[PDB]
Amino acid sequence: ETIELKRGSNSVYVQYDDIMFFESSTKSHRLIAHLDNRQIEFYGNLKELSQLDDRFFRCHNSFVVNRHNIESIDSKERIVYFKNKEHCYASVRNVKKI
């Protein structure tokens, strides 16, 4: 369950469940892997990442979440909470499918 996060000159290798979620941001050309203790930018695409494993799920245009690290979901406000206290958002379309 190892994923290579290509950073540029170097890669970081982490386990699937080290990842809370992946984020696309308009402020970077790189995606952001939200790990338990820090964020790491890397080159990738959300669609491909969602296909690596059933636990990964595209819940928003900007986010692919790791279901194994979800603590709770507020379906009304569409907020997804992770074990490390980070959150992301879910679209109306996908919130109930997470």
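Residues: numbered from 1 along the sequence shown.
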Notebook entry, point to check: Do the side chain of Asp18 and the main chain of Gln15 share a donor and acceptor less than 3.5 angstrom apart?
Noted result: yes
Margin query: Test of understanding: with salt bridge (charged side-chain N to carboxylate O under 4.0 Å, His left out), list the residues that count as partners of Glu4, not counting sequence neighbours.
Written below: none
Note to self: Which residues pass the salt bridge (charged side-chain N to carboxylate O under 4.0 Å, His left out) test with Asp74, not counting sequence neighbours?
What the structure shows: none
Checklist line | Under the side chain to side chain donor-acceptor pair (under 3.5 Å) test, residues paired with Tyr81 that sit two or more places apart | finding: none
Notebook entry, point to check: Remaining members of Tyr43's ILVMFWY cluster at a side-chain heavy-atom cut-off under 4.5 Å?
Noted result: none
Next item on the list: Could you tell me whether the side chain of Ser50 and the main chain of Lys47 form a donor-acceptor pair under 3.5 Å?
Entry: yes
Next item on the list: Hey, could you give me the NE2/CZ distance between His34 and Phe21, rounded to the nearest 0.5 Å?
Entry: 4.0 Å
Margin query: Does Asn37 have more than 12 heavy atoms from other residues, nucleotides or ligands lying within 6.0 Å of its CG?
Written below: yes
Next item on the list: Could you tell me the separation between the CD atom of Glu71 and the NE2 atom of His87, rounded to the nearest 0.5 Å?
Entry: 15.0 Å
Notebook entry, point to check: Distance from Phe63 atom CZ to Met20 atom CE, nearest 0.5 Å?
Noted result: 15.0 Å
Next item on the list: Output the rest of the hydrophobic cluster of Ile32: all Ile, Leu, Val, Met, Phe, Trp and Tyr residues reachable through side-chain heavy-atom contacts under 4.5 Å, sorted by chain and number.
Entry: none
Margin query: Could you work out, with side chain to side chain donor-acceptor pair (under 3.5 Å) as the rule, every residue matching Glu77, not counting sequence neighbours?
Written below: none
Next item on the list: If you link ILVMFWY side chains whenever their heavy atoms are less than 4.5 Å apart, which other residues fall into the same cluster as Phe42? By chain and number, please.
Entry: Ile3, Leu5, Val12, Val14, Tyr16, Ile19, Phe22, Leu31, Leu35, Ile40, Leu46, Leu49, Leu52, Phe56, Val64
Next item on the list: Using the test side chain to side chain donor-acceptor pair (under 3.5 Å), find all partners of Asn45 that sit at least two apart in sequence or belong to another chain.
Entry: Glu48
Check: What salt bridge (charged side-chain N to carboxylate O under 4.0 Å, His left out) pairs are there with at least one residue in residues 19-33, not counting sequence neighbours?
Finding: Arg30-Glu41
Item checked: Which residues share a salt bridge (charged side-chain N to carboxylate O under 4.0 Å, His left out) with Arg58, sequence neighbours left out -> none
Check: Taking the side chain as C-beta and beyond, is there a heavy-atom pair between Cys88 and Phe82 under 4.5 Å?
Finding: yes
Atom pairs and distances, donor-acceptor, side-chain atoms in residues 90-98, under 3.5 Å, two or more places apart:
{"residue": "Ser91", "atom": "OG", "partner": "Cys59", "partner atom": "O", "Å": "3.4"}
{"residue": "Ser91", "atom": "OG", "partner": "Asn94", "partner atom": "N", "Å": "3.1"}

Notebook entry, point to check: In terms of ring plane angle, is the pair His60 and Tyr89 parallel, tilted or perpendicular, where the classes change at 30° and 60°?
Noted result: tilted
Check: Once you round to the nearest 0.5 Å, how far does CG of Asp36 lie from NZ of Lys85?
Finding: 11.0 Å
Checklist line | Set of salt bridge (charged side-chain N to carboxylate O under 4.0 Å, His left out) partners for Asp17, sequence neighbours left out | finding: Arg55
